[PDB]
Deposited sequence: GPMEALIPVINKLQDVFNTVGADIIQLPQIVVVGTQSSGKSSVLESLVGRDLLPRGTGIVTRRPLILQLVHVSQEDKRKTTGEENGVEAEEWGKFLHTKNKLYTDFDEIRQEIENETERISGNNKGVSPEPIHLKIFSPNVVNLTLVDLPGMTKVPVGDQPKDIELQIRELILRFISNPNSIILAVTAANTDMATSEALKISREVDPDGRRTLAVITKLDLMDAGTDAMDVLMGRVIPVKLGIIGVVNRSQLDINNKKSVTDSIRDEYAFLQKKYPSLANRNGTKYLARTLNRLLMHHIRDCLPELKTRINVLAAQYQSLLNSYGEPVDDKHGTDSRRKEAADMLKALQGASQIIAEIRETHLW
């Protein structure tokens, strides 16, 4: 997938966490928000590079999905033969087929929410274990709506909007504000709701999907250049698979190749600052910023333990080994600080 760059850094963090006995630095949750069918699940799964989320027109995502990516060491390690999933609701059942993971999301949605468009705020909890992922929580959410359909109650719009707000009001979250390119940017429900919790735009990244669907005689140049609504952290255009492409089983590799080609053809002057890989790179920088910000806390915690183990060292071997491990941890922090991504 496109978000592997941080793996060596988080491996170093894990060494420090193992010594200090706590996972002291937690990366912000990445949460997708926007109007129904704006392409949110398509964006969120593109950061995984595996097709694990149900997608489609009409309402598809109908419960929150808390997707916890869990990095797996070479010790705990097992193509598709290296990665697996577990749901809380299916206990210790292991899923190796990502199509089956997708189907189980649909299954578990239907169990709680019914089969006629109903929505539930109860999250589905999924862990994906892989040597190719960092420790990161991605949150998929139903899109905003206007008119109740199927089983939905009269106040469905507010139910969804309040559900979204509960997730994005978390200060340690990055908001992917998703708006479709075939709508005017000023109509972005994603940007409206993001500004309610993040008025200064410190943790909101604008994604413009469906660039390929724009009416002839129109384009997103002004949008992508920040000339309509400015978005501090970035406005990044993507081209995910059409419904036809999903029906035709078009691969992730081909989706990305066609996105790249599309941007070269229609947005050549902006192409190197757009696309799915660029979205991933931008997110990586935000995640690294959080790590750097938290290093002083981590260093302080190391020192608390170092002084404490030095005191036990007037169990005497226990203290000595820990002191050396903590010396190592202090060295690792400086290394992480001075690491810059390519």
No C-alpha coordinates anywhere in a stretch? Then put that deposited-sequence range on the list, in order along the chain. 79-86, 323-336
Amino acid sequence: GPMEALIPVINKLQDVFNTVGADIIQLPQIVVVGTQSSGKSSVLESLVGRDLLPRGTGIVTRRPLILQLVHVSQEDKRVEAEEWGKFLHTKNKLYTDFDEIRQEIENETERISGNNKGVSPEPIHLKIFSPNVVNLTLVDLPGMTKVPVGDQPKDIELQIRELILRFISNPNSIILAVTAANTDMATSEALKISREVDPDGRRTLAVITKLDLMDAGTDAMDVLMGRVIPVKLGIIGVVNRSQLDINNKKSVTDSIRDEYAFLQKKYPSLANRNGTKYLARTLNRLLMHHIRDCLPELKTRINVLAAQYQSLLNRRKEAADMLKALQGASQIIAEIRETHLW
From here on, numbers count along this sequence of modelled residues.
Segment of higher mean CA temperature factor, 102-110 or 153-161: 102-110
Which is higher on average in the deposited entry, the C-alpha temperature factors of 244-252 or of 113-121? 113-121
Looking at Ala180, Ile174, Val79, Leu270, which has the biggest Cα B factor in the entry? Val79
According to the Cα B-factor stored in this entry, which of the following is highest: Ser42, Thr35, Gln308, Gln68? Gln308
Just say lowest, middle or highest third for the CA B-factor of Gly234 relative to the other modelled residues in its chain. middle
Can you tell me which third, lowest, middle or highest, the CA B-factor of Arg285 falls into for its chain? middle
Lowest, middle or highest third: which one holds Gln264 when the chain's residues are ordered by CA B-factor from the entry? middle
Which third of the chain holds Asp215 when residues are ordered by C-alpha B factor: lowest, middle or highest? lowest
Relative to the other modelled residues of the same chain, rank the CA B-factor of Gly49 and answer lowest, middle or highest third. highest
